[PDB]
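The structure under discussion appears below in the form of structure tokens.
Because only heavy atoms are used, hydrogens play no part in the values below, and waters and symmetry mates are left out as well, while side chains stay in. Residue numbers run from 1 in the order of the sequence given.
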Amino acid sequence: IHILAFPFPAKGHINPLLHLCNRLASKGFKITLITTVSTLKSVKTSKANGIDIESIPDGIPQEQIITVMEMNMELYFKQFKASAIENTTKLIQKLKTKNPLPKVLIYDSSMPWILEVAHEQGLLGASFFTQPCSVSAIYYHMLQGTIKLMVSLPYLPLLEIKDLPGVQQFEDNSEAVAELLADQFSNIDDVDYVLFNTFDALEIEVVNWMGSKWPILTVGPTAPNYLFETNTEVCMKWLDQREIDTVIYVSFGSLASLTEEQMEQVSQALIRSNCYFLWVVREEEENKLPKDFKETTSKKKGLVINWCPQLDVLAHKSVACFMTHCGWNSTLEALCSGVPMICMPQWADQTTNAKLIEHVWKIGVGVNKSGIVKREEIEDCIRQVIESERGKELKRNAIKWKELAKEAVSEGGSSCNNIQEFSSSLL
Ligand SMILES: C[C@]12CC[C@H](O)C[C@H]1CC[C@@H]1[C@@H]2CC[C@]2(C)[C@@H](c3ccc(=O)oc3)C[C@H]3O[C@]132
Ligand SMILES: O=c1ccn([C@@H]2O[C@H](COP(=O)(O)OP(=O)(O)O)[C@@H](O)[C@H]2O)c(=O)[nH]1
């Protein structure tokens with residue numbers, strides 16, 4: 001059985017879908033992964049997957065595709081949509097001349113209009129949600145008009161205004177982003193399969209509520225591996241020199257960027273903490289680091305790298321905590337790895353994830369802005385996690401969640417059962 005997979009063109013959307021594809025390929029399915037040309041330019045390793053990669057045009061002007069969208073999200077997301085509709089149609093028409101014929105298209109939930117392409121081509125459509133049910137519920141309420149972006153929503157903790165998904169940070173892209181998030185639920189009744197990268201035990205009540213509206217399949221964590229350059233050997237050799245529970249892993253993901261002034265705060269907090277640290281600073285961001293930071297002043301205790309093998313880093317026993325922007329993949333990967341967090345959310349669902357991390361799952365602490373987070377606050381959070389009694393509690397809580405995540409993906413577990421149900425439905 002031949003499955004097509006079409007992620008939104010960004011690493012937090014590609015990666016969780018890739019991991020689901022790898023699990024499906026392990027069960028005997030053929031996989032074709034559909035990527036934009038801009039994504040393929042960053043792809044360095046794919047021979048070992050056995051998954052076929054088929055590219056489509058970016059469909060918006062070239063100058064990554066994402067940094068073009070941000071220039072004008074309202075227009076360029078719509079141009080991306082129209083081009084993706086045309087070019088995935090053309091690609092599927094071609095794939096229908098080859099055996100095995102495609103049967104289902106799994107697409108990122110942010111691209112609901114791909115359902116119409118799947119159905120027009122005679123395929124089943126599966127919408128793949130890359131954020132948890134608790135945060136997706138807010139987008140559903142946004143579509144319903146129940147909330148426009150203290151706040152009480154069914155089966156969610158009481159939220160402050162600050163805990164709602166942050167779109168005001170995007171300035172003139174705010175309304176376009178709020179619309180795209182809400183439109184994930186615009187055709188949910190017509191989707192053949194609704195897949196969420198979460199597991200039931202993590203959010204029992206909101207998953208139960210969602211399931212009373214639509215049949216949903218919680219299949220997460222989909223993560224068990226890399227398409228992009230991860231500097232694996234350099235990172236893993238450095239971590240192998242570190243003793244247990246001594247390393248702060250620091251990463252703000254694939255998209256977020258911090259100001260030069262904020263970078264200085266983080267640099268100084270890491271140095272004066274006197275902890276070992278592995279800090280992912282993307283290539284296009286390292287110019288904002290203090291002058292001799294990468295080459296000299298970080299060499300005694302730190303490794304500054306443009307990308308790491310994050311699953312392998314979070315699995316390493318030297319890692320004591322994860323200073324994170326709280327993107328959903330990073331949050332879930334840290335929880336499933338038993339790694340407590342220091343929450344520094346930037347925008348979109350990161351704000352809500354940071355609330356869930358700190359107050360519901362209780363595996364992290366959050367920083368306080370002054371709107372710059374200062375070194376002393378970061379140092380204070382580091383001391384709380386690394387040294388204080390509260391930090392031992394967060395570590396114990398993270399280990400309990402690791403165990404529940406292990407149950408979910410093992411035989412008889414909720415996510416294993418749901419992937420089996422999906423897999424059998426196709427057979
Ligand atoms: C505006 C922008 C800011 C960061 C950077 O400069 C890029 C900007 C343009 C893209 C934007 C990004 C913010 C986060 C997104 C909305 C995110 C997404 C997409 C679909 C979805 O369902 O959920 C979340 C991933 C990426 O599409 C984002
Ligand atoms: O050095 C890094 C940093 C991040 N990641 C991966 O990149 C994704 C980041 O996704 P997330 O939802 O956390 O945030 P985003 O980048 O979408 O804002 C996750 O799959 C991480 O495992 C990685 O492989 N190496």
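Distance OG/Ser186 to CD/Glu179: 9.5 Å, rounded to 0.5 Å.
Between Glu387 and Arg383 there is no salt bridge, since no side-chain nitrogen of the basic residue lies less than 4.0 Å from a carboxylate oxygen of the acidic one. Comment: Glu284 engages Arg282 in a salt bridge, judged by a side-chain N to carboxylate O separation of less than 4.0 angstrom. The pair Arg396-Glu393 meets the salt-bridge criterion, since a charged nitrogen lies less than 4.0 angstrom from a carboxylate oxygen. For the pair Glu283 and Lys294, the salt-bridge criterion is not met [side-chain N within less than 4.0 Å of a carboxylate O].
The closest donor-acceptor contact from the side chain of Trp328 to the backbone of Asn197 lies under 3.5 Å.
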Go through the steps for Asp52 and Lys30 under the test salt bridge (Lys or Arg N to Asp or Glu O under 4.0 Å), then give the verdict. CA-CA 8 Å; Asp52 288 357; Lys30 188 213 220 305; 2.7 Å; yes
Step by step, work out the ring-ring contact (aromatic ring centres under 6.0 Å, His included) result for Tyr226 and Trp307. CA-CA 11 Å; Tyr226 310 104; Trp307 207 242; 9.5 Å; no
Would you check, one step at a time, whether the test ring-ring contact (aromatic ring centres under 6.0 Å, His included) holds for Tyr140 with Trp214? CA-CA 12 Å; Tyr140 166 79; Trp214 325 279; 5.5 Å; yes
Verify side chain to side chain contact (heavy atoms under 4.5 Å, CB included) between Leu91 and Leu4, making sure each step is shown before the conclusion. CA-CA 11 Å; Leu91 175 60; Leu4 307 185; over 6 Å; no
Before giving the answer on salt bridge (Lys or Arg N to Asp or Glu O under 4.0 Å), spell out for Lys94 and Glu54 the whole-Å C-alpha distance, their side-chain angles and the decisive distance to 0.1 Å. CA-CA 11 Å; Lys94 176 184 100 173; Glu54 289 280 353; 3.3 Å; yes
Given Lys299 and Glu295, is the salt bridge (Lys or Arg N to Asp or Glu O under 4.0 Å) satisfied, shown in steps? CA-CA 7 Å; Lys299 288 287 145 53; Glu295 182 46 67; 3.4 Å; yes
Could you walk me through whether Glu403 and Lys406 pass the salt bridge (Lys or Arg N to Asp or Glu O under 4.0 Å) test, one step at a time? CA-CA 5 Å; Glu403 274 316 272; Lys406 173 176 182 297; 5.3 Å; no
Show the numbers, then the answer: is there a side chain to side chain contact (heavy atoms under 4.5 Å, CB included) between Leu105 and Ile114? CA-CA 9 Å; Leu105 173 51; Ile114 285 302; 3.6 Å; yes
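A pairwise comparison of heavy atoms in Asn418 and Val219 identifies CB-CG1, 4.2 Å as the closest pair. Among all heavy-atom pairs drawn from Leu202 and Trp361, the shortest one is O-NE1, 3.0 Å. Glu260 approaches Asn287 most closely through the heavy-atom pair OE2-O, 4.0 Å. When all heavy atoms are compared, the tightest approach of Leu356 to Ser134 is CD1-CB, 4.1 Å. Of all heavy-atom pairs spanning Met236 and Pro309, the tightest one is SD-CG, 4.1 Å. Nearest heavy-atom pair, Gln346 versus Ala256, reported as atom, atom and distance to 0.1 Å: CG-CB, 4.1 Å.
Within a 6.0 Å sphere centred on CD of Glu233, other residues, nucleotides and ligands contribute 12 heavy atoms or fewer. No more than 12 heavy atoms of other residues, nucleotides or ligands lie within 6.0 Å of NZ in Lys374, so this atom counts as exposed by the packing criterion. Applying the 6.0 Å contact sphere to OH of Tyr155 captures no more than 12 heavy atoms from other residues, nucleotides or ligands. The number of heavy-atom neighbours closer than 6.0 Å to CD of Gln62, taken from other residues, nucleotides and ligands shown, is 12 or below.
Just one of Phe128, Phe29, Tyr193 meets the ring pair (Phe, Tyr, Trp, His ring centres under 6.0 Å) condition when paired with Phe422; it is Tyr193.
Judged by distance alone, the side chains of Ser136 and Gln184 never bring a donor and an acceptor atom under 3.5 Å apart. For the residue pair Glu261 / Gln265, no side-chain donor-acceptor distance below 3.5 Å is found, with atom types taken as modelled. Judged by distance alone, the side chains of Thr232 and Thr230 do bring a donor and an acceptor atom under 3.5 Å apart. A donor-acceptor contact closer than 3.5 angstrom links the side chains of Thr218 and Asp200. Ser330 and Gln310 share a side-chain donor-acceptor pair at under 3.5 Å. Using modelled atom types and a 3.5 Å distance limit, the side chains of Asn15 and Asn329 yield no donor-acceptor pair.
Contact of the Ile56 side chain with the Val37 side chain is not registered, since no non-hydrogen atoms from C-beta on lie closer than 4.5 Å. Between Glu70 and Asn173, some side-chain heavy-atom pair lies under the 4.5 Å cut-off. Using a 4.5 Å heavy-atom threshold, the side chains of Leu180 and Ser110 count as touching. Between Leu314 and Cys336, the closest side-chain pair of non-hydrogen atoms is not below 4.5 Å. Residues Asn306 and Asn231 meet the side-chain proximity criterion, which asks for heavy atoms closer than 4.5 Å. A heavy-atom distance below 4.5 Å is found between the side chains of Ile65 and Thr36. In this structure the side chain of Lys395 never reaches within 4.5 angstrom of the side chain of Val385, judged on heavy atoms.
Annotation: cation-pi pair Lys11/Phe228 present, NZ/CZ under 6.0 Å from the ring centroid and within 45° of its normal.
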